[PDB]
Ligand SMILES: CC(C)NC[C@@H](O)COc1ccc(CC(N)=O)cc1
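Only one chain is shown below, in structure tokens, and it's the form deposited without the ligand.
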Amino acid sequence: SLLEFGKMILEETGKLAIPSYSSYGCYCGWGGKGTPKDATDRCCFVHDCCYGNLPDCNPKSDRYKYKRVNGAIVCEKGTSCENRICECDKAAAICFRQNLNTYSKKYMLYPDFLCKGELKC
């Protein structure tokens, strides 16, 4: 679920999901069009694609379970949707951590009109 993803992000990065990742660049928090602004934004682009791979799942509300094995995120077995949703979120949280070094506050609340063109998943 969005709230779970949010807590996973905070655990991973030390940044609050809202507002650090809820309106960042072209794809974080609301994505759809444009060339991603940086690596962090590409994390969201890929996460959007990941959810897009699951048309008949509901990642905003469906809750999954996971555990930490010495830092590592391990998705635990639920329904197929939950498993796949968890793997998407896990990847994004890792991606955000891997790109904290280039995160830029200038891309927070990035305006929609600077995000143009469709980029295929």
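Residues carry their position along the shown sequence, with the first being 1.
FYI, the form solved in complex with the ligand isn't displayed, but the following is about it.
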property: Candidate from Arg84, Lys90, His47, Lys37 lying within 4.5 Å of the ligand in the bound PDB entry - any heavy atom; result: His47
property: is_contact(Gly78, the ligand) in the bound PDB entry, heavy atom dist at most 4.5 Å; result: no
property: Proximity of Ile18 to the ligand in the bound PDB entry, heavy atoms at 4.5 Å; result: yes
property: Contact test in the bound PDB entry: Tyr51 vs the ligand, heavy atoms, 4.5 Å; result: yes
property: Residue contact check: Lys67 to the ligand in the bound PDB entry, 4.5 Å heavy atom; result: no
property: In the bound PDB entry, residues of 52-68 near the ligand [heavy atom within 4.5 Å]; result: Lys60
